Amino acid sequence: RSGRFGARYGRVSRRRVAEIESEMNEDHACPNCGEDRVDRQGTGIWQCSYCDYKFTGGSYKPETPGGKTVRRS
Amino acid sequence: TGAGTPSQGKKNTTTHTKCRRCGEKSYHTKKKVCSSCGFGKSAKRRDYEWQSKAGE
Amino acid sequence: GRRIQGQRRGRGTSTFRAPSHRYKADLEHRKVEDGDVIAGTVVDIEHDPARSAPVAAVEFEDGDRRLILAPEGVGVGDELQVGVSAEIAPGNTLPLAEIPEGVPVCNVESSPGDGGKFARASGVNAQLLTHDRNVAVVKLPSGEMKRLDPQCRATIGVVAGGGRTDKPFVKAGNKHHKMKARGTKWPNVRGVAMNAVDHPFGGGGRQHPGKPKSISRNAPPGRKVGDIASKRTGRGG
RNA sequence: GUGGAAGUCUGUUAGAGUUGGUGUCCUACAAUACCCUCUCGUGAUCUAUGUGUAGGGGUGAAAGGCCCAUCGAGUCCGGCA
RNA sequence: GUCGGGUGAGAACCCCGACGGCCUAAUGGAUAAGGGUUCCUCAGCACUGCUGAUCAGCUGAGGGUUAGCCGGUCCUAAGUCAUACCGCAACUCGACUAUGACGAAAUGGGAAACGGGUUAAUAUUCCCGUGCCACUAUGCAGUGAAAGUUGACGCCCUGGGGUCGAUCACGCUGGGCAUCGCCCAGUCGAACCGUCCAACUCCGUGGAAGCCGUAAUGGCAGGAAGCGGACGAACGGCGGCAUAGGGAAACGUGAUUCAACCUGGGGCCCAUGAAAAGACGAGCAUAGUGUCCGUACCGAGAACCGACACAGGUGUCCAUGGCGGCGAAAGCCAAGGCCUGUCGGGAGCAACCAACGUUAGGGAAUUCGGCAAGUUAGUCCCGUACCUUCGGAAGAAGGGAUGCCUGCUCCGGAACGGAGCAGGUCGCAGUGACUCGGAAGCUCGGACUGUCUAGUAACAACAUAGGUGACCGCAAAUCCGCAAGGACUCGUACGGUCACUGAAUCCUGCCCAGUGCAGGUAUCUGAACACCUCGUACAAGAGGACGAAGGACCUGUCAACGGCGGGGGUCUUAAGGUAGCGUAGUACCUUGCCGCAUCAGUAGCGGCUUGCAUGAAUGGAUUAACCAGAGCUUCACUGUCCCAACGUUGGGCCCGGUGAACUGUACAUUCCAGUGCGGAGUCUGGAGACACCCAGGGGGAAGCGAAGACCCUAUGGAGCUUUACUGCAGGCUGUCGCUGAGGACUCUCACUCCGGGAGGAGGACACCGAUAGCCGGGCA
RNA sequence: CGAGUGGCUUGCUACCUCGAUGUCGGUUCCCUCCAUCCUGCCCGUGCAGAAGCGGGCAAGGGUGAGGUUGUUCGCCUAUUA
RNA sequence: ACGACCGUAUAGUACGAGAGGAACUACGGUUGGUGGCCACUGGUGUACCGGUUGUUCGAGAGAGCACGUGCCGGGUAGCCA
Ligand SMILES: [Cl-]
Ligand SMILES: [Cl-]
Ligand SMILES: [Cl-]
Ligand SMILES: [K+]
Ligand SMILES: [Mg+2]
Ligand SMILES: [Mg+2]
Ligand SMILES: [Mg+2]
Ligand SMILES: [Mg+2]
Ligand SMILES: [Mg+2]
Ligand SMILES: [Mg+2]
Ligand SMILES: [Mg+2]
Ligand SMILES: [Mg+2]
Ligand SMILES: [Mg+2]
Ligand SMILES: [Mg+2]
Ligand SMILES: [Mg+2]
Ligand SMILES: [Mg+2]
Ligand SMILES: [Mg+2]
Ligand SMILES: [Mg+2]
Ligand SMILES: [Mg+2]
Ligand SMILES: [Mg+2]
Ligand SMILES: [Mg+2]
Ligand SMILES: [Mg+2]
Ligand SMILES: [Mg+2]
Ligand SMILES: [Mg+2]
Ligand SMILES: [Mg+2]
Ligand SMILES: [Mg+2]
Ligand SMILES: [Mg+2]
Ligand SMILES: [Mg+2]
Ligand SMILES: [Mg+2]
Ligand SMILES: [Mg+2]
Ligand SMILES: [Mg+2]
Ligand SMILES: [Mg+2]
Ligand SMILES: [Mg+2]
Ligand SMILES: [Mg+2]
Ligand SMILES: [Mg+2]
Ligand SMILES: [Mg+2]
Ligand SMILES: [Mg+2]
Ligand SMILES: [Mg+2]
Ligand code: NA
Ligand code: NA
Ligand code: NA
Ligand code: NA
Ligand code: NA
Ligand code: NA
Ligand code: NA
Ligand code: NA
Ligand code: NA
Ligand code: NA
Ligand code: NA
Ligand code: NA
Ligand code: NA
Ligand code: NA
Ligand code: NA
Ligand code: NA
Ligand SMILES: [Sr+2]
Ligand SMILES: [Sr+2]
Ligand SMILES: [Sr+2]
Ligand SMILES: [Sr+2]
Ligand SMILES: [Sr+2]
Ligand SMILES: [Sr+2]
Ligand SMILES: [Sr+2]
Ligand SMILES: [Sr+2]
Ligand SMILES: [Sr+2]
Ligand SMILES: [Sr+2]
Ligand SMILES: [Sr+2]
Ligand SMILES: [Sr+2]
Ligand SMILES: [Sr+2]
Ligand SMILES: [Sr+2]
Ligand SMILES: [Sr+2]
Ligand SMILES: [Sr+2]
Ligand SMILES: [Sr+2]
Ligand SMILES: [Sr+2]
Ligand SMILES: [Sr+2]
Ligand SMILES: [Sr+2]
Ligand SMILES: [Sr+2]
Ligand SMILES: [Sr+2]
Ligand SMILES: [Sr+2]
Ligand SMILES: [Sr+2]
Ligand SMILES: [Sr+2]
Ligand SMILES: [Sr+2]
Ligand SMILES: [Sr+2]
Ligand SMILES: [Sr+2]
Ligand SMILES: [Sr+2]
Ligand SMILES: [Sr+2]
Ligand SMILES: [Sr+2]
Ligand SMILES: [Sr+2]
Ligand SMILES: [Sr+2]
Ligand SMILES: [Sr+2]
Ligand SMILES: [Sr+2]
Ligand SMILES: [Sr+2]
Ligand SMILES: [Sr+2]
Ligand SMILES: [Sr+2]
Ligand SMILES: [Sr+2]
Ligand SMILES: [Sr+2]
Ligand SMILES: [Sr+2]
Ligand SMILES: [Sr+2]
Ligand SMILES: [Sr+2]
Ligand SMILES: [Sr+2]
Ligand SMILES: [Sr+2]
Ligand SMILES: [Sr+2]
Ligand SMILES: [Sr+2]
Ligand SMILES: [Sr+2]
């Protein structure tokens, strides 16, 4: 996690980098197929290693609260 | 690093060169302007009254 | 004294310019004749140097390949529409008039056909509230109620990249790399830390602004520093 | 166990710098040098060339620092005896 | 360097040989910039050269640079200029928009050349051999021709293919050494043409419900393994090239590790890593054409810049020569280069100085201070505290081992790779040289990496992430320009401008009276034009009505400037200091008082604390980690000291040669007293005093160096400040012109903005010109 | 209370020096003064002795090492004639 | 060019109720200062002899380099405390 940061920066800074990067690297369910094979390719860019579906999403998550709102309304 | 002797060693750039129009070594090959006759800057020849005493 | 940093800026010298020669494209809406008979296919998702957000490359029916300000949820293969009759789907562009009240939009035009001016940053969105024959009321990201010509075009959905601001930079080096992708002089030396000749707040044994920071709107450049025409300051009251 | 992150450690690798000796020198090898010690060395790193910003103006992670041995306002000639 | 010799009128330093040394990322090889003939030859030594000179980068006289395929030339990069347009009093000035051109010689892109031979000096340029590219012509072939591909690309980790080099095994050729039998060198051979293909991708077959695969990640019924196939790499293998070339000769064969080069897999980004010309796509023969410019040499402790033949500065590649070892480290040695980091001769060579070696006992007593020096040291095993943000602290600390020889085991395909075992054995000492941390505790500061005063300051200062406040909906906020115009901006509130504080953690009290900002405002005050009255045959002028911003007045606001006292059990002037911390880098008094520690402690640490004069983002407290930051203590060690000695190298001293500068009113062998503008070698009185020279350490010449940086003076200068004087930009506001029709209103036609356009939005407003009032250290 | 000597403290003055006479403390090295701390020789004592205390001659010699502090000064420690 | 001190005998005596406790003189030694000297002890001793690490001369023998000894041990003359 934020272990590469050693004893530098302090709790919060690296506590958040952890949670954020922890949720960032989890296997995500592709919107296309349903497989948990989505990985980030860069800022806001995600791709499924299974079907190759490349799409946009959050900076650190493939879906954001507001993003999930659009669908509803 | 001192501004004197040690910094004089890094000087190997060519700037002023023989001018095509006036013959002086004042044609700045980077600006493409002669600081002596104005070639590259003006059709008229570079000239100024302060190049001599006021009443002369 | 000497001109302050804010004054060096205006001259637009290299130190203050944005690395434009490195920027990708002007994400303005396509110009349609009419009818909405314009559709394209998302051919690729790219990084946008100027906004730290992703952008989508679209190939339109008539053969035009243009980068697009992509909302969240757009991926390769997906088909997008731009026109009055476009389908009410995330990623499609159409005039506010055709948009159903209560739908989040982005890249909203200020004046019909300008290409989009509002809500273009990471994870933001305007909220279309009211319709009418003469005025479409939109709520912008700052929360302000904006009255727009119903003929102003927008994209349905929120902008891609949301939450980019949730993670701290942690290091000066990270701030550095991002700043090198903008038109900004960084890092920032405090005014109080400079000599009197360089800033209204400079000078004095210990550091401190020898004056109140709230400055008048009418102040001339060189003097207008600190808290510009503040209606109030602090957290209290 | 694997993996190999890091403005991460050691390091006279290249390369960059300069804490102390208040050493040597101080009509010098040198108008800022020499030696040992010391610091950095995957990064906000270092470096070459090209290119841009000009004088009450630049440039400045700010020391009134730097803008060709000179800068709390460059240099040249003129105003000027 | 030394011994011989060569040349010469002349030889320490010009040349030959021998012996002795120096340089290994350089003192070797190729080059960029820059220099400009310094390059080669002959003849010279008046000049230049740290001495000499027969020598030379010097002097005289000649000579030397050869290209279709190496650069330029071509392309475009940041960006520059020219023309047009516009601004400007004007231009050699200035911004936009068009067009065109310019912009890369090591080191961006790019049609094509290799090997050998030759000269005093050139050489992929000449010559020999072999080859290749483009264009054009002719001929055959071909109707395809533009879609696509390439040029064309970041950082980190890594597999696979693979040449050179290096090394190992054995053979061949030559050399060296001579108790052995070892040691060294060589064993060659290009471009190009042809051929081979691993990886990646895809297709057929197949049919996995748990198997396939990797260094690692991973893969699959949306079809795994296996089997077959299409496409498909090297500056690489193989064959030709080659009874080419090269070598005195032999003119090898295999292997390991494998730079170059080829091709894959993985990871990272609030960071996304050029473009264009060109090329491929798109056959072959033969012929012709391929012009123009560069080409020498140095590339540095003498060819560049620094006034110099300057210990400085100055880019690229040779990063794979051997031993060593982790190593592109040290040390030693090759190839190659050099004895020119260019004055020599002499004295056991004194004093004194610069570098340095060794010092008995004591062991920091030295000193402001352990400054300087030293101590420790590599690797393996054991073991490791407080504290902590759980990462770290940590190599904590502390303890043990370490060579050689003989024979082996284990891991691995193996290494000339690594980890161990048993026995034997030497030394004072086995990281034997070299390389190579001394350690621990307490306190202050700044969180950290980072920045800085080129040339006396590296820090606690600046930056920083983090915290916070302010402005602005884009025809915006902020900023540059006289204007035409422009930066921010291929940007749009998750933005970017203006400021403050300065990681995390726990927190951040009271005050809006003054000042600042902002909002409001019945009434008051408030300019000009127009209007009204008086005045003038008119005009000047006097007064009036109306009244914008502004002010008065009210309100909001302190993470806004700042403030939080004295008195009594409130007063100034709003409040009257809360959490915390506290004799502080803030406490005058002060060496405060108590304690610790020491023989003794103005220090340090802990506590107390009434704080001369702490205190919450003028941030308070606190804090792991970090630090060439400030202070204190301990262990270890030591010539810092007691108290100095002996030694080493270079100077110093004598000799040959070369050969300056500083300084100089004059006189001058002085000493003791006195006197004098009171600080005399020179005056007075005494004393002393034969002249000259060598070495010395520096008492005096208020020594030399610099028209005192301190202080004051001058109706001197400059930089800076502000509620100093006076003005000037700039902003806000009214009014007049632009400007039109029907104290509130509609319209469209100027004008503005959006739109490719139609058209839409706005609209007599706004912009712009003029003027008036307010603000106005931003500027003079 | 009165009378003096010194020129070690401090103050006063502005005579010398602003075309410069480099601060304090320390250190090293040399000479000197006496208003004597020790040592030599004396006188008195509220001098038994031992020892104190006070005084006289006397400048030959000696007057040291350490802890805080830049300190001078001073405080402190163990030695010392 | 010598200054000063301690100790012994005098003497547990004179003196004094006791406690305590001298001197003249003769001796031995220490300290500070001074001049000189090297038999003794100690230091040095890049004369010399030995051991040994890396590397080069093929091994051996014998050597160079590793800064004016690579490092370590011993040490004559001389100079020194
Ligand atoms: Cl940012
Ligand atoms: Cl060339
Ligand atoms: Cl792989
Ligand atoms: K003076
Ligand atoms: Mg756009
Ligand atoms: Mg930048
Ligand atoms: Mg700052
Ligand atoms: Mg400052
Ligand atoms: Mg100012
Ligand atoms: Mg540059
Ligand atoms: Mg000759
Ligand atoms: Mg040549
Ligand atoms: Mg020389
Ligand atoms: Mg000793
Ligand atoms: Mg002392
Ligand atoms: Mg030290
Ligand atoms: Mg095995
Ligand atoms: Mg302190
Ligand atoms: Mg710091
Ligand atoms: Mg400096
Ligand atoms: Mg530093
Ligand atoms: Mg901040
Ligand atoms: Mg912020
Ligand atoms: Mg601060
Ligand atoms: Mg700070
Ligand atoms: Mg204390
Ligand atoms: Mg507060
Ligand atoms: Mg402050
Ligand atoms: Mg003067
Ligand atoms: Mg002054
Ligand atoms: Mg002045
Ligand atoms: Mg327009
Ligand atoms: Mg002023
Ligand atoms: Mg006077
Ligand atoms: Mg003097
Ligand atoms: Mg007397
Ligand atoms: Mg008595
Ligand atoms: Mg005397
Ligand atoms: Na792990
Ligand atoms: Na230094
Ligand atoms: Na100026
Ligand atoms: Na081949
Ligand atoms: Na090696
Ligand atoms: Na010579
Ligand atoms: Na660092
Ligand atoms: Na107030
Ligand atoms: Na305060
Ligand atoms: Na640091
Ligand atoms: Na010594
Ligand atoms: Na003298
Ligand atoms: Na000034
Ligand atoms: Na007197
Ligand atoms: Na005496
Ligand atoms: Na003392
Ligand atoms: Sr230098
Ligand atoms: Sr240069
Ligand atoms: Sr021009
Ligand atoms: Sr003229
Ligand atoms: Sr736009
Ligand atoms: Sr547009
Ligand atoms: Sr200030
Ligand atoms: Sr508050
Ligand atoms: Sr580092
Ligand atoms: Sr210093
Ligand atoms: Sr030293
Ligand atoms: Sr100097
Ligand atoms: Sr380092
Ligand atoms: Sr590395
Ligand atoms: Sr300068
Ligand atoms: Sr003049
Ligand atoms: Sr001659
Ligand atoms: Sr020559
Ligand atoms: Sr060109
Ligand atoms: Sr090139
Ligand atoms: Sr790189
Ligand atoms: Sr390999
Ligand atoms: Sr050449
Ligand atoms: Sr060279
Ligand atoms: Sr050099
Ligand atoms: Sr050699
Ligand atoms: Sr010479
Ligand atoms: Sr010895
Ligand atoms: Sr000490
Ligand atoms: Sr001491
Ligand atoms: Sr140890
Ligand atoms: Sr610097
Ligand atoms: Sr410094
Ligand atoms: Sr904080
Ligand atoms: Sr107020
Ligand atoms: Sr309190
Ligand atoms: Sr703090
Ligand atoms: Sr006389
Ligand atoms: Sr002398
Ligand atoms: Sr004088
Ligand atoms: Sr006397
Ligand atoms: Sr006495
Ligand atoms: Sr004094
Ligand atoms: Sr005192
Ligand atoms: Sr006795
Ligand atoms: Sr008794
Ligand atoms: Sr030697
Ligand atoms: Sr050692």
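These values consider heavy atoms only, across backbone and side chains, with no hydrogens, waters or symmetry-generated copies. Chain A is the first sequence line, chain B the second, and so forth, proteins listed ahead of strands; every chain is numbered from 1.
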Inset, instruction - Could you say whether the aromatic ring of C:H177 and the base of E:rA271 stack, counting only centre distances under 5.5 Å and plane angles under 30°? - result: yes
Legend entry - Face-to-face stacking of C:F16 with E:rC488, centres under 5.5 angstrom, angle under 30°: no
So, is [X] near the phosphate of [N], with a side-chain N or O under 4.0 Å from OP1 or OP2?
| X | N | result |
| --- | --- | --- |
| C:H47 | E:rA271 | yes |
| B:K30 | D:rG50 | yes |
| C:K211 | E:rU721 | no |
| C:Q151 | E:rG760 | no |

With heavy atoms under 4.0 Å as the rule, sort [X] into base, sugar-phosphate or nothing.
| X | result |
| --- | --- |
| C:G173 | base |
| A:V12 | sugar-phosphate |
| C:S52 | sugar-phosphate |
| A:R1 | sugar-phosphate |
| B:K32 | nothing |
| C:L27 | nothing |
| C:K31 | sugar-phosphate |
| B:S7 | base |
| C:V197 | base |

Spacing between [X] atom [atom1] and [N] atom [atom2], to the nearest angstrom:
| X | N | atom1 | atom2 | answer |
| --- | --- | --- | --- | --- |
| C:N188 | E:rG496 | CG | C1' | 12 Å |
| C:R206 | E:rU501 | CZ | P | 12 Å |
| A:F5 | E:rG466 | CZ | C1' | 14 Å |
| C:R235 | E:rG556 | CZ | P | 21 Å |
| A:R8 | D:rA5 | CZ | P | 14 Å |
| A:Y9 | E:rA447 | OH | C1' | 12 Å |
| C:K185 | E:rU478 | NZ | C1' | 18 Å |
| C:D64 | E:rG756 | CG | P | 14 Å |

Checking base pairs now: Watson-Crick or wobble, both atom distances under 3.5 Å. What partners [N]?
| N | value |
| --- | --- |
| F:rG40 | F:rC57 |
| E:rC356 | E:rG647 |
| E:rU187 | E:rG171 |
| G:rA17 | none |
| E:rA271 | none |
| F:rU45 | F:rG52 |
| E:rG144 | none |
| E:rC641 | E:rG362 |

Going by the glycosidic torsion and a 90 degree boundary from 0, is the base of [N] oriented syn or anti?
| N | answer |
| --- | --- |
| D:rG7 | syn |
| E:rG36 | syn |
| E:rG57 | syn |
| E:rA559 | anti |
| F:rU69 | anti |

Ignoring hydrogens and angles, does a donor from either the side chain of [X] or the base of [N] sit under 3.5 Å from an acceptor on the other?
| X | N | answer |
| --- | --- | --- |
| C:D198 | D:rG60 | yes |
| C:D227 | E:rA470 | no |
| B:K11 | E:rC305 | no |
| C:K213 | E:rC517 | no |
| B:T5 | E:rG306 | no |
| C:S142 | E:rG473 | yes |
| C:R8 | D:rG56 | no |

Legend entry - Given the sign of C1'-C2'-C3'-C4', the sugar pucker at E:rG432: south
Legend entry - Groove that holds base atoms under 5.0 Å from the side chain belonging to C:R9: minor
Inset, instruction - Answer yes or no for C:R30 and C:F60: cation-pi contact, defined as NZ/CZ to six-membered ring centre under 6.0 Å and angle to ring axis within 45°. - result: yes
Legend entry - Row check, C:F16 ring normal vs C:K185 NZ/CZ: under 6.0 Å, within 45°: no
Inset, instruction - Check the side chains of C:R190 and C:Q207 for a donor-acceptor pair under 3.5 angstrom, ignoring hydrogens and angles. - result: yes
Inset, instruction - Specify the closest pair of heavy atoms between C:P54 and A:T43, including all atoms of both residues, with the distance to one decimal. - result: CD-O, 3.7 Å
Legend entry - For the student: nearest non-hydrogen atoms of C:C152 and C:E109, plus distance: SG-O, 3.4 Å
Legend entry - A:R16/C:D166 ion pair, N-O < 4.0 Å: no
Legend entry - Salt-bridge contact A:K68-C:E72 (side-chain N to carboxylate O under 4.0 Å): no
Inset, instruction - Determine, using purine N1 to pyrimidine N3 plus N6-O4 or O6-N4 for Watson-Crick, or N1-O2 and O6-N3 for G-U wobble, whether E:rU48 and E:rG606 pair with both distances under 3.5 Å. - result: no
Legend entry - Inter-nucleotide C1' distance (E:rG639, E:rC605), Å rounded: 34 Å
Inset, instruction - Report, as yes or no, whether the 6.0 Å neighbourhood of atom NZ on B:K18 holds more than 12 heavy atoms from other residues, nucleotides or ligands. - result: no
Legend entry - Selected nucleotide, minimal atom distance to C:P49 side chain, candidates E:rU272, E:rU314, D:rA44: E:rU272
